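Going left to right, the sequence shown walks through residues 2 to 197 as the authors' numbering numbers them.
For reference, the structure discussed in these notes is given below.
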Amino acid sequence: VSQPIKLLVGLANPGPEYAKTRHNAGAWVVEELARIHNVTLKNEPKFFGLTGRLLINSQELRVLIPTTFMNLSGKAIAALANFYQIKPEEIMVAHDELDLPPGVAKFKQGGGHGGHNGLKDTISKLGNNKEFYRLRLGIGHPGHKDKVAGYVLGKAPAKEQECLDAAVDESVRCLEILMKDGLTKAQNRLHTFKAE
């Protein structure tokens, strides 16, 4: 009934060529939630991104997909959160997670950026504050660390993308439960999900 989230951010690189790359996994969640709740995101240059507002279980949720470079995502998040009086702890940032496999997603409060450019910039622009929530969308990882950038800026193969899309769908269902039943119940459900 009570839950801490006022702003959901889906991290992304802008433009059609990057739309289905792994590094946009967070945006897929916001895109799907907005589609299901009939909200049209508006390009607001003041917030360096696409924005919207929806009501879920009588709770107001703002959404944001930045149009910055991924490594400047914090500009958009800070601009919007500061305008609407939203604290870091009331923000949930959905992002691709190298440390989880395709088909899995997890909620997390706080933590490091894990080398994610978007998360690193968000921490900085929020005043070196790590304590925002994350929705970690597993994308798996390459064999060698020097190939990570090429991997996340790549498109998953079709079967792998099926797994990703299944986790995006369950993530969206659990964000709905978050707003209705709260964080613990949302997390309990999400963390038992594995796409097969």
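Just so it is clear, CB atoms sit at the ideal spot from N, CA and C, and this is done for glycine as well.
- About 5 Å separates the Cβ atoms of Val169 and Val30, confirming a contact at the 8 Å cut-off.
- With respect to the C-alpha of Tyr134, the residue from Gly111, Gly128, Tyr152 having the closest C-alpha is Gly111.
- Nearest to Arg137 by alpha-carbon distance, out of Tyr152, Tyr19, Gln162, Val94, is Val94.
- Taken in chain order, the whole alpha helix (DSSP H) runs of length 4 or more contained in the region 57-92 are 74-84.
- In the structure shown, the three-state DSSP call for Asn39 is coil.
- Cβ-Cβ distances below 7 Å link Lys126 to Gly75, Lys76, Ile78, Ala79 in the same chain, with the five nearest sequence neighbours on each side left out; the list follows chain order.
- For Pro15, the closest C-alpha among the options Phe84, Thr68, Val40 is that of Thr68.
- Under the Cβ criterion (8 Å, minimum of three pairs), the region 180-191 does not count as touching the region 25-43.
- Between the alpha carbons of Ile87 and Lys21 lies a gap of roughly 29 Å.
- DSSP places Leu136 within a strand segment (E or B) once states are collapsed to three.
- When secondary structure is reduced to three states using DSSP, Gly16 falls in the coil class, being assigned neither helix nor strand.
- Distance from the Cα of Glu61 is smallest, within the candidate group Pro17, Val105, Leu8, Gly104, for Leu8.
- One thing to note: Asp97 has its Cβ within 8 Å of the Cβ of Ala26.
- Per the DSSP secondary-structure output, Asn44 pairs in a beta bridge with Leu51.
- For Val153, the enclosing alpha helix (DSSP H) begins and ends at 149-153.
- In the three-state reduction of the DSSP assignment, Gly183 falls in the coil class.
- Counting along the chain, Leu9 sits inside the beta strand (DSSP E) bounded by residues 8-11.
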